[PDB]
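In the C-alpha cells that follow, the same protein chain appears in two forms, which are kept apart as structure 1 and structure 2.
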Structure 1
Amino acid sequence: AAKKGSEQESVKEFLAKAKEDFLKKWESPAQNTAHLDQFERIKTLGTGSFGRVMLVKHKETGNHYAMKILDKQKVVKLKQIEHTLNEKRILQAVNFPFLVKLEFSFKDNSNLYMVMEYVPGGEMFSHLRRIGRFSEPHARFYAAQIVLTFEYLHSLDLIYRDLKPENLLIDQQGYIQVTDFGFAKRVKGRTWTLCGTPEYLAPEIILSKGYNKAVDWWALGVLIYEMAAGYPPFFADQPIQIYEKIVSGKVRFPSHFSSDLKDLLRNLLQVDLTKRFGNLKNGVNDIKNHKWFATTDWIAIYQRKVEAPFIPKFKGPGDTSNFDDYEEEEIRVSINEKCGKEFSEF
C-alpha cells in the first residue's frame, strides 16, 4: 500500500490529465444548453426535497434522459442556493465512467433543470432491499467502482457527501453510475456544513467538528456494510438514536462477514481520523491494496471489462419497470421570473 513504482505513476498521469479537463470546465461552465420545450415529459423516476427526476424524451434526437427539476423558490426556502450552484457547476465539469453524465442544463421563470443520461437499470437501493443482501464478491464489484470514483473526485478537491444506495444507479452493463451531487463541494481544507443522510454521516459531521474528504471514506464503509449485511451498521427509528450509535465507537458485524471484510470495515468505520483508511499517508492505496480487494483488477473495473454480477432487465427504450411509481405532478412555469439574482450563474 506504500509502494510507489510504475503503476502509481500511470494513476498520477491519468489524474493530472483529468484535472486539466475538469478545471477548464470548472472555470467556464456550460450554461443554457437546452429548453424545456425540446423535451417530452413521460414519467417521474424519483423525488427529492426541492423537486423530482423525470424520464423525458428529447424530440430532435428521440433520446431518453432523466431530467432533474428544482423549484427555485423551494431551494431558497431550504437555503440550498449555494449547494445547488455547486451541484450543477461540478456535474457539468466532471467526466468518469461511474458518474452519471449531465447532457444539458437550463432554467426558466420557476425551475432549474439538469438533463442527465437515463440509467434504466434502477437504483441499487431497490435491488438491495428486494434481494436482501449482496454476496461479498457482488458487494466488492460495486465497492471497487466507488473507490475509483472517490479517487477521481477527491483528486479534483471535490467531496461528494451523499453516498447511499438510493444514489447509485445500475446501467445496462451492470455497472454503477453515481447520481445526485446536491451536496458535492469543491474545497481545499476544512468545511462544516451539517449535511448528508443520517445512516451515512461520519462522527465528525455529527459532532460539528469541521471535516474533509475522509467523510466519504467513512460513508464507503457504511455502504459496503449495508450491501453485504442487508442493513446499515447503525440503524434506529429516529435519526437522533442513529447519531448516538455512530458516535459511540462500537460496530458489530454479521457472523457471515469474512475476516478480511471485517478488517476493512474496522478501518473505514474508524472514528479516529489519524487511523481511518483513505485518510493516511498512503491515501486510497491503503484501500486498493487491502486483501479484501486482492482479487480486484482496478484497471479492468475502470475499463468495464469485468463481468457484472447481474444485468438489469430491459424492455426496450423508455421502460421504467426497474423504478418505483410516483405520484405525477404538473410542471408549472410562472409568468414571472422567480429568484433571478440568486440563480443567475446557473
Structure 2
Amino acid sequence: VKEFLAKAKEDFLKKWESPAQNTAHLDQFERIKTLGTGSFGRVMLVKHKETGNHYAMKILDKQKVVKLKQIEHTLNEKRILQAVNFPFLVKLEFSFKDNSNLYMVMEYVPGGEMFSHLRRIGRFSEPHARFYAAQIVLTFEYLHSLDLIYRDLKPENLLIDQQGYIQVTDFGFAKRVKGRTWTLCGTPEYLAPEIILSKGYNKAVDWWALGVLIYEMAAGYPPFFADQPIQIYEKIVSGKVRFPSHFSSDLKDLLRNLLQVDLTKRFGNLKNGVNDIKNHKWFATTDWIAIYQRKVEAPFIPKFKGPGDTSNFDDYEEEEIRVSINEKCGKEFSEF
C-alpha cells in the first residue's frame, strides 16, 4: 500500500521547499458577497471573470496581521495549503498580495460549516457521526505521514461540500514536527492533557481531539465544558467522562481509548498506529477505501439551489476593499 504514502511525501516536500507565489491578481475576480469575518480579515465569494468559476477568497489586512503577532501563522497557513493534496483538505487555487492585503483563493465549499449543521439539527446519529469521523481518521493519517500536527480540530473548521463530504480548512496552527513541541494553541475544549501540563507533546494530540469531536457529534455537546477556562483544564487533565446512556457499547469503548489521558496508551499512538482505530468494532461497517474514493452515499446533502448561492453561510455587513497607495509590511510578507 505504502508506495502511495511515499510519493505523497516526495510531492509534499517538493512543494514545501519551493512554494508557488503570485499566481493571480485581484482584478481577475469579481467580488460577490461576504462569507465570513475575523480579527484581521474577511472571506468573500468571488467569480473568476474569465472562467466564470466560483471561489472563496480570504482577504487578510497586513497591518492587523502584524498588530496581532500572526505573521508566522499566516505565512505557515499559505505554505502548508499550497503543499498538501488530499480529498478531504480544501484546495488552494491561487495566492497573491498587494500594498494592503494578502489573498488566498480556495475552491468554494458551499454547504457551510459542520458547526452550524450540528447546532441546526442537534446531535448526529452514530452512523452519521461515523461517516464524518472516518474522513478525519484518513485525513490525520495523511497529515501525520508528513509529520504535520493539525492541532485545530473543531466542528467550525469542517466545511461540507456538495456531495456531503468534509473539507478541512484552517492550517494556521499546523506545525511540521518530528519530536515534541510546546505552543498552547487551539480552542480550550479540544486540548489534550499533555498540552496543558506543559512538558511537551506530539501528534498524539490529534487523536485525543478526534475523540472530543466524535463525542460532540454524537452527544450534541463536548465532553469537557465549563464557564471558567481554568475549570476546563482541570476537567481535561482529570479525564473523567460521563457518556450519555444512548451511546452504544462500541462507541464508549472507542472513546475510552481515544480520550486516554496518557498519550502512551492512546489509540493511534501505539505500535499498530492508525490501524488500532480503523479496526475498532465501532468502525466495523466502514469501508475505508470506499470513503477515500467518495463512493459512499453521504447521510446528509446540503440544500444547494444553484452555483453562486450562499444561503448555508450567514449574512454580514459588506465593507469596501481598500488598497493603499503605499506598500505596508513588505519585509514581513516577502516569503508569502
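FYI, numbering is relative to structure 1, first residue = 1. Note that the rigid core is defined as the largest set of C-alphas that superpose within 1.5 Å between two forms.
Aligning the rigid core between the two structures and inspecting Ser135, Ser258, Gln172, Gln238, the C-alpha positions shift by 2 Å or more at one residue, which is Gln238. Core-based superposition between the two structures puts the Cα shift at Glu330 at 2.3 Å. Taking the core as reference, the C-alpha deviation of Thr191 between the two structures is 1.1 Å.
Here the two forms are laid over each other by their core, and the C-alpha of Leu220 is off by 0.6 Å between the two structures.
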